[PDB]
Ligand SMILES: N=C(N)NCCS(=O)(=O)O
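Take a look at this one chain, the form deposited without the named molecule, written out in structure tokens.
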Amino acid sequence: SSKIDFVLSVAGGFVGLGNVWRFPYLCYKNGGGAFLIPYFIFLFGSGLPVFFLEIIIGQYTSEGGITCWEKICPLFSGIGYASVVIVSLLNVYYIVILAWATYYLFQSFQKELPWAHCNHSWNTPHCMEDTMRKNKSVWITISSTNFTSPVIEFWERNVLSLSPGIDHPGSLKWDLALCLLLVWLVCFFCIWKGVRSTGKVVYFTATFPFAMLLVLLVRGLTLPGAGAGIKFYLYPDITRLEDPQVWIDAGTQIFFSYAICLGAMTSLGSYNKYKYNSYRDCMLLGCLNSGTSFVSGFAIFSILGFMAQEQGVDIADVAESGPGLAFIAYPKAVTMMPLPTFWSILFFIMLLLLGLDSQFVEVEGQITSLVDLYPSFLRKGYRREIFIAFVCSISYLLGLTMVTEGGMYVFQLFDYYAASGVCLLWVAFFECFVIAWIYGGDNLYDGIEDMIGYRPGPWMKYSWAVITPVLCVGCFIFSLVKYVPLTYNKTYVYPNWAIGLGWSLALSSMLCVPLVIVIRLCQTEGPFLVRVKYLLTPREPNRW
């Protein structure tokens, strides 16, 4: 009987789209090895206390995401609303990945994969086979007039139908629309019916993704040219560390992967009992998720190095330097494996399930929070399923601007600004500030000692008071001083209106805390200092 494996299985899944898709693309965008020096360090902080913090706030107060902060500090109660806005913006574009994966799945039910060869309608005349790119006849006699890889051209001109800019929306893609509608219908059915068939299927849903990742890693390591990719992934560049965008991406990757600032962990902590040693389980889950991300990065960069040594170009210019790196990398190694159809279907089902689990968790948490906001209004009678369907339809309609011709730019904007970036750093800094300098570190340490049984070391308090807030403030100041506009595939410059829309989407969640502060100050009766003292005092009992 393995205690650690059993407790990590019963606790909850820790694999999703934030480690095989977010981490590899963020690492490839930020120079590769140079992305690992800050991230890992940041990881520790951004992994160990903060996540555990959300586990304790939900365990101590025994509340959800919105009502937990109403006991620690009624003044800074806008963190719950900020997390709700963040998850509402995340459910829009995070499920779009499940539409691209679904479309790839329906295109992998044939013997010959379409992205393998250039003999197709969507391919341009500049399409060339990867094996012919280094052939002496084509590489020497024929000039390299912007000849692109077949997989990249297939992806762009058949899945995204990329436009010259975001100003050009184009025509709506019926295939992506139908795939997204089917995924949303599956999500609505699983939510309204309730997912209770996980009594024994958890073993499969946990072993199959890890088995596929292991197979892909073994295949990538046994491919020629993987050494260059491994070196590019491991050997850092000190020049990239000066860029503030690298630190921002490194900080937001962990907050995205560990579901931090989403309020889901605060709800999961309420499910845990009071006298429960959550510290060990949190550390184990964090270390396992970090190891899974580190292993997936090895496979991604080995595939990238193989593609580089086959085509004959630099490692930083092999594929798209943005969202969609896995779809270029992994299908190539799948085609390189015998029987590409079976392995492709397996990988697509794995990715679809990993995305659907996180989507179910996030949407159920959001719906539960919105229902707890107005219980008698959104719970009595049949209005609960009506509200669920309304939220699903609104999210699907808001996700129709990312499946168009000019929809990839909106997807990049939502990935960079809406559910990640400045918003998550702001929320984490405010949470750490309220925990350390407002609520106190010693009282929380005594509470954790009473709950789990032993008082932790000085790492958590120092990270809540010093490490995480100062790091977040420094990253924000560095992004403000040396500000570079967002770029797509390092070749497209976003217009001023797109940057303004992204900053507005970010501020929509960022301003949830200051506005709630003003609302609470105006609602409370009395002098300003008396109101501040009343709203900073832990009025509601924290379940001592």
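Under this definition, the rigid core comprises the largest set of C-alpha atoms superposing within 1.5 Å between the forms. Start at 1 with the first residue shown and count on from there.
- Looking at the other PDB entries for this protein, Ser302 is present in the model in all of those that include the residues around it, rather than absent from a third.
- Compared with other entries of the same protein, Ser108 falls outside the group left without coordinates by a third of them; all model it where both flanks are modelled.
Keep in mind the form deposited with the named molecule bound is missing from the figure; the text below concerns it.
- Residue contact check for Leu352: none of its heavy atoms lie within 4.5 Å of the named molecule in the deposited complex.
- Contact check for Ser149: every heavy atom lies farther than 4.5 Å from the named molecule in the deposited complex.
- Taking the partner from the other structure, the named molecule in the deposited complex has no heavy atom within 4.5 Å of any heavy atom of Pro24.
- The named molecule is not drawn, but in the deposited complex it has a heavy atom within 4.5 Å of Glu362.
- For the three marked residues, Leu53, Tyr271 and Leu444, no heavy atom of any sits within 4.5 Å of the named molecule in the deposited complex.
- Put simply, of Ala319, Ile435, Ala419, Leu98 only one has a heavy atom within 4.5 Å of the named molecule in the deposited complex, and it is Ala419.
- Contact with the named molecule in the deposited complex, defined as a heavy atom within 4.5 Å, holds for exactly one of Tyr94, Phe301, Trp115, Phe327, namely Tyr94.
- Taking the named molecule as it sits in the deposited complex, the stretch 73-111 comes within 4.5 angstroms of it through a non-hydrogen atom at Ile86, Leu90, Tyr94.
- Once both forms are fitted on their rigid core, the CA atom of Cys522 lies less than 2 Å apart between this form and the one not shown.
- After superposition on the rigid core, the Cα of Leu536 moves by less than 2 Å between this form and the one not shown.
- Panel note: the distance between the CA atoms of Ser83 and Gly12 is larger in the deposited complex than in this form, the difference being 3 Å or more.
- Distance between the C-alpha atoms of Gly12 and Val20: shorter by at least 3 Å in the deposited complex than in the displayed form.
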